[PDB]
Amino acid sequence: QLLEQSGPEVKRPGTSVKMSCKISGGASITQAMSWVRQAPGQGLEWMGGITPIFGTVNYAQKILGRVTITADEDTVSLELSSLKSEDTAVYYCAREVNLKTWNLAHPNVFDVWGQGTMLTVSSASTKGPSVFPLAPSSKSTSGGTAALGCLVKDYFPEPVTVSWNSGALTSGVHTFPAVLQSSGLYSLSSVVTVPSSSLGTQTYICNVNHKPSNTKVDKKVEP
């Protein structure tokens, strides 16, 4: 039903990476699985697929020399060797199924997708971000609505995920795309509009995650 994928990776050119994908439950791997990669700002591209009953594995012609797809009882993995900058992409696992007959021997549609694992191939140094409050004040409240947020500055590489109140606050949240600063580091803001009358009683915490630097921060934003 649901697919879990391993976290984002930052790798120097020439090394190898192994990305994995789990069923995120008590279930074992039965259906055919495939890996689809998406370069940033680009389209979907099939790389390879594995069929557990046959054990067979297919690959794309462009990467046949340096990609291997393995599976066990509950985990499908994808390994890329001799990594290069063009391998920077998000990598999806997708369960391939036959929705007409549910025959294990002829899968022909990707019905369930993992949320993606982003890979960055770069020689630059990983750097964790600083998190600053964007506090609501008279200058951040117009009429009955108040604005507040978090500034996430100076990190590398992509991506950084931010939630609010551990995911319970989503309505009216804008997590912008990152800008590329002149220093080569990324910078990011995430804001939310809330009622101005509630600033004294409500609690707003942004949860910033940057896994490549093991940065995990919960910052309370107060007026």
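All residue numbers are counted from 1 along the displayed sequence.
Here 110 to 118 and 138 to 146 are compared by their mean Cα B-factor, and 138 to 146 comes out higher. Higher average CA B factor: 48 to 56, of the stretches 151 to 159 and 48 to 56.
Note on 191, 194, 63, 188: the highest value goes to 63, judged by CA B factor as recorded.
Reading the B-factor column for the CA atoms of 30, 171, 165, 181 in the entry, the top value corresponds to 30.
In the deposited entry, the Cα temperature factor of residue 43 places it in the middle third of its chain's modelled residues. In the PDB entry, residue 71 places in the highest third of its chain by CA B-factor.
In this PDB entry, residue 90 carries a Cα temperature factor that places it within the lowest third of its chain's modelled residues. Per-chain ranking of the deposited C-alpha B factor places residue 25 in the highest third. The entry lists a Cα temperature factor for residue 131 that places it in the lowest third of the chain's modelled residues.
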